[PDB]
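Worksheet: one structure, shown below.
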Amino acid sequence: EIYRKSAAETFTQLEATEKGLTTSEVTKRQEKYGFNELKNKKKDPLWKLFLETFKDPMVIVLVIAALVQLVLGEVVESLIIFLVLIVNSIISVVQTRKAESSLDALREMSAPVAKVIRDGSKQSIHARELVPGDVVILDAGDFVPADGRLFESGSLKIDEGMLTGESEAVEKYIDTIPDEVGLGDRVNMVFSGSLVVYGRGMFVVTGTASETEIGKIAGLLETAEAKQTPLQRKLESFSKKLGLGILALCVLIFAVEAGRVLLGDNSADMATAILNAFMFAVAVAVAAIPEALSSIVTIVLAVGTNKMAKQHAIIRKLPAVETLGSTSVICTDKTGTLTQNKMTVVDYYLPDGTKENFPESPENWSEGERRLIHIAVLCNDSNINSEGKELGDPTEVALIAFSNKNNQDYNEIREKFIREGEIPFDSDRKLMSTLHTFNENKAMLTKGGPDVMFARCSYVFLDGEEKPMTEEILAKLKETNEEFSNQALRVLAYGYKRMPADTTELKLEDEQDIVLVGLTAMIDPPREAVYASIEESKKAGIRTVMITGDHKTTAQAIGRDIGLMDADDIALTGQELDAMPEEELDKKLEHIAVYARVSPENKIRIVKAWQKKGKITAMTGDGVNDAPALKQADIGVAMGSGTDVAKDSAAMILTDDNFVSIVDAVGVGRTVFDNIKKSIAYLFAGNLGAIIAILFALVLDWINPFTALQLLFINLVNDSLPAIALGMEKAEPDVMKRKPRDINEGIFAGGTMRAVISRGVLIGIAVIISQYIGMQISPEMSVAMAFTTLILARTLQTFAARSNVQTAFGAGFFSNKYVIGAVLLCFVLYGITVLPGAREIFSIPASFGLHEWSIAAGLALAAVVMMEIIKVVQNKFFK
Ligand code: ALF
Ligand SMILES: [Mg+2]
């Protein structure tokens, strides 16, 4: 709104004088406005990290059963629960801590030094003291400490890449603008964190700190919204159903055993039936909840971060690898990410060559030794160091890069012909040029912009020096200009300017009668491997979308090449999104597709409206502008070349720059969840039949099976080893072609439910029979023979859970070596039970035999045989 105001109006609006504050106002200004600085207010209290972990209903119920174990006197079985609750806690507390943002990237964005006028004194003070109404000067190389509008112009160009992401300097004009334009084309004002590239200017503060756009993005980063794992929402969706399911059972256990005292014959001891009820109640709650589940998921996700490590894709947060599997919207950045941020040219215009395509040759590229050198013999001012790091104006570095791409050294021709010209300074209207001296004559070098170059150039250089041709030469270079300018190519003019001879110095007046060698038009090309990663993204069912902040002209062509959008398709400006409310936003949202010239505020709002549509999205970017879109997106990717800002605010950071690894990552995420779902289907299926045997054992007043500690043992470690084995089953890559999984289906969706219930039933059937065989012989034996049959039955379950619709035979018994490796280790754990030194604390009777075990184990065996003969029901379902 202030851009419209200029000169005194901006100052009168601030009621501050232009030349000097006199330090009286800044004595005061710094009290109400504060220093130009950014400071975090994160409390990060220790209390909240742990109080917040109890929000999981799965966690509160275990706390209750652990306290009960204390009153009953089973201290052992209580303090084991507290241990795996510290696990469930410190797993969830440290995942979030890494997620938290840091202003370290924000730190040093604005240079401490700022030449400002205080009391009429030209002094340089720290950017902290800078306050609104102060006047700063910007010679070249300054860091633009305070956002603001500069009344005086030195012809200077500042780099706004930190705010916007472009690596090219943009000219700054002091003229007032009366219309609303996108933040990037605010040519009359500068913002904090931008680097001044050329010239010296004087500018107004226009507020500081949080008011600055560099501080408005800081407030945007401060929000730290969303980032909820689908699994977590999925888990809690049916954790709440579970957390209400156990409490339903605890009432019946009390009601049944209270229903058994009302009908109690003669004397009935209520204290025992109550205590008898607690032993069942605590047993059910233990048997239901999966103690290892948090610790197992945290491990399988460590395999994803390891498989992506070998493709130079770094993941900072484990649960994000599952988020990749469900992704359906990819939002990217045009420059710095989809590109190498490196320009060159394939279509040069010269009269003789007439080729759209670019041919690279070792001095044979141009007819005659003279033609190729004349395009830009001395125009460039860039420098390549021993390291070779980029340095110079970006438009000009593509020249010597062009020479190096043609296998022609630039150091061998830079010394052959030497600059002699004054180099008249470059300005908004003028174009800088240089003069050099030849073996026996002299030339003047002029490099211009075709819109202003051809107004002053009459002569034309082709097949020898040719007379100025006003007609038949302007249309063909207008046709070349326009066909170029329709492909969104930046064009510049190359002149020889041979008319002056033996001139001591260079005068600006002789800009006329120019001889022009030709024209070329360079532009930024995308990665070599993007073409494969968008055609695969489309073919994977993920709708890839673009959000960049560059000109619409450049944005139209980008995506036409890869096939993202049609040639007719038009992108939307950030000003249009400024005026479009949310009411029709989502109406437009599906077909919005590519954007153009957007602010950082604009990028993060898009991902928020895409999430409202239920589709879980992903963002890939770099620099500092992309950072809010990375933090808000359900998973944010960053480039290796990108600034440490986006690098430090992304859930994944690919160092190699190999884009294809992103679509490869979506292949891992869908497989990661395919195992987890299959794996979590295993762990609860065992938990079900264990509750079934506790409940049937309660309907006949049988002593509760498996005592108390034994139940905790099996879930914490006995079932952790096979759960990880399933977590590593084969990928089944054909499944990858199918469209992203909906974030709404249950964990058991896809027909697994009918398989989890089937397995959990056949389990309890056998455990009950062994208890009957056990209870007939003795009560002591029923506890062991039921537990024997159980922990063996859940161990053998792995062969059935390898696939809900697959059999071990014919699918490869030896297919997975870890499954067989995991089953063998559970056998040893069971072996440790039967030891005499540990038989006691495991409630296994001393008078336990091998023929009795034979009956029990044989029952546990036949259970999984039943799971394998549900093949017919599964086979019948298909037809
Ligand atoms: F190309 Al960008 F932010 F670096 F849109
Ligand atoms: Mg970028």
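Quick note on naming: the chains in the structure tokens go A, B, ... in the order shown, residues restart at 1 in each chain, and ligands are numbered from 1 in order of appearance.
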Between chain A and ligand 1, at 8 Å or less, what are the per-residue closest atom pairs and their distances in Å? Count only C-alpha atoms and all ligand atoms, order by chain and rising residue number, and return it as JSON lines.
{"residue": "A:161", "atom": "CA", "partner": "ligand 1", "partner_atom_place_in_ligand_line": "4 (F)", "distance": 7.4}
{"residue": "A:164", "atom": "CA", "partner": "ligand 1", "partner_atom_place_in_ligand_line": "3 (F)", "distance": 5.7}
{"residue": "A:165", "atom": "CA", "partner": "ligand 1", "partner_atom_place_in_ligand_line": "4 (F)", "distance": 3.9}
{"residue": "A:166", "atom": "CA", "partner": "ligand 1", "partner_atom_place_in_ligand_line": "4 (F)", "distance": 5.9}
{"residue": "A:332", "atom": "CA", "partner": "ligand 1", "partner_atom_place_in_ligand_line": "5 (F)", "distance": 7.7}
{"residue": "A:333", "atom": "CA", "partner": "ligand 1", "partner_atom_place_in_ligand_line": "5 (F)", "distance": 4.3}
{"residue": "A:334", "atom": "CA", "partner": "ligand 1", "partner_atom_place_in_ligand_line": "1 (F)", "distance": 3.8}
{"residue": "A:335", "atom": "CA", "partner": "ligand 1", "partner_atom_place_in_ligand_line": "1 (F)", "distance": 3.1}
{"residue": "A:336", "atom": "CA", "partner": "ligand 1", "partner_atom_place_in_ligand_line": "4 (F)", "distance": 4.8}
{"residue": "A:337", "atom": "CA", "partner": "ligand 1", "partner_atom_place_in_ligand_line": "1 (F)", "distance": 6.6}
{"residue": "A:338", "atom": "CA", "partner": "ligand 1", "partner_atom_place_in_ligand_line": "1 (F)", "distance": 7.7}
{"residue": "A:547", "atom": "CA", "partner": "ligand 1", "partner_atom_place_in_ligand_line": "5 (F)", "distance": 6.3}
{"residue": "A:548", "atom": "CA", "partner": "ligand 1", "partner_atom_place_in_ligand_line": "5 (F)", "distance": 3.2}
{"residue": "A:549", "atom": "CA", "partner": "ligand 1", "partner_atom_place_in_ligand_line": "5 (F)", "distance": 4.4}
{"residue": "A:550", "atom": "CA", "partner": "ligand 1", "partner_atom_place_in_ligand_line": "5 (F)", "distance": 6.2}
{"residue": "A:597", "atom": "CA", "partner": "ligand 1", "partner_atom_place_in_ligand_line": "5 (F)", "distance": 7.9}
{"residue": "A:598", "atom": "CA", "partner": "ligand 1", "partner_atom_place_in_ligand_line": "5 (F)", "distance": 7.9}
{"residue": "A:600", "atom": "CA", "partner": "ligand 1", "partner_atom_place_in_ligand_line": "3 (F)", "distance": 8.0}
{"residue": "A:621", "atom": "CA", "partner": "ligand 1", "partner_atom_place_in_ligand_line": "3 (F)", "distance": 6.6}
{"residue": "A:622", "atom": "CA", "partner": "ligand 1", "partner_atom_place_in_ligand_line": "4 (F)", "distance": 5.7}
{"residue": "A:623", "atom": "CA", "partner": "ligand 1", "partner_atom_place_in_ligand_line": "4 (F)", "distance": 5.9}
{"residue": "A:624", "atom": "CA", "partner": "ligand 1", "partner_atom_place_in_ligand_line": "3 (F)", "distance": 7.5}
{"residue": "A:625", "atom": "CA", "partner": "ligand 1", "partner_atom_place_in_ligand_line": "3 (F)", "distance": 5.3}
{"residue": "A:626", "atom": "CA", "partner": "ligand 1", "partner_atom_place_in_ligand_line": "3 (F)", "distance": 5.4}
- Using only C-alpha atoms, determine which residues lie at most 10 Å from residue 175 (chain A), disregarding the query and same-chain residues fewer than 4 positions distant; provide the list as a PyMOL selection string. chain A and resi 3-4+6-7+150-153+187-188
As an mmCIF file with C-alpha atoms, in the first residue's frame, please: the residues near residue 494 (chain A) (cut-off 6 Å, only C-alpha atoms, same-chain neighbours under 2 positions excluded).
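Saved as result_20.cif:
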data_model
loop_
_atom_site.group_PDB
_atom_site.id
_atom_site.type_symbol
_atom_site.label_atom_id
_atom_site.label_comp_id
_atom_site.auth_asym_id
_atom_site.auth_seq_id
_atom_site.Cartn_x
_atom_site.Cartn_y
_atom_site.Cartn_z
ATOM 1 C CA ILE A 375 29.500 -13.011 -30.811
ATOM 2 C CA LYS A 447 26.641 -5.343 -26.086
ATOM 3 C CA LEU A 516 25.842 -6.256 -35.120
ATOM 4 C CA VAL A 517 27.349 -9.744 -35.411
ATOM 5 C CA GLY A 518 24.228 -11.579 -34.279
#
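Each of A:706, A:484, A:772, A:349 was checked against residue 690 (chain A) using only C-alpha atoms; the smallest atom-to-atom distance is that of A:706.
Residues within 8 Å of region 234-249 of chain A, counting only C-alpha atoms and excluding same-chain residues fewer than 5 positions away, are residues 56, 57, 58, 61, 281, 284, 285, 288, 743, 744, 745, 746 and 747 of chain A.
These are the residues of region 148-298 of chain A assigned strand (DSSP E or B) by DSSP from backbone coordinates: residues 148, 149, 152, 157, 158, 159, 170, 171, 189, 190, 195, 196, 197, 198, 201, 202, 203 and 204 of chain A.
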- Message: With distances taken over only C-alpha atoms and all ligand atoms, which residue among A:405, A:29, A:647, A:233 lies nearest ligand 2?
- Response: A:647
- Message: Which residues are close to residue 609 (chain A), i.e. within 8 Å by only C-alpha atoms, leaving aside same-chain residues fewer than 5 positions away? Reply as a list in words.
- Response: residues 585, 586 and 589 of chain A
- Item | Pick from A:407, A:789, A:720, A:326, whichever lies nearest to residue 680 (chain A) using only C-alpha atoms |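 Closest to residue 680 (chain A), using only C-alpha atoms: A:720.
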- Message: From the options A:27, A:302, A:497, A:646, which residue's atoms come nearest to ligand 2, counting only C-alpha atoms and all ligand atoms?
- Response: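 Nearest to ligand 2: A:646.
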- Message: With DSSP run on the backbone, what are the helix (DSSP H, G or I) residues within region 117-167 of chain A? I'd like them as a list in words.
- Response: residues 161, 162, 163 and 164 of chain A
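Compared by their closest atoms to ligand 2, and using only C-alpha atoms and all ligand atoms, the residues A:124, A:403, A:806, A:641 rank with A:641 nearest.
Each of A:339, A:573, A:803, A:707 was checked against ligand 2 using only C-alpha atoms and all ligand atoms; the smallest atom-to-atom distance is that of A:339.
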- Message: Please list as a list in words every residue within 9 Å of region 852-858 of chain A, counting only C-alpha atoms and excluding residues in the same chain fewer than 4 positions away.
- Response: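 Counting only C-alpha atoms, the residues come to residues 766, 767, 769, 770, 773, 774, 785, 786, 787, 788, 789, 790, 792, 793, 848, 862 and 863 of chain A.
Distance-wise, CA of residue 347 (chain A) and CA of residue 368 (chain A) end up 19.3 Å apart.
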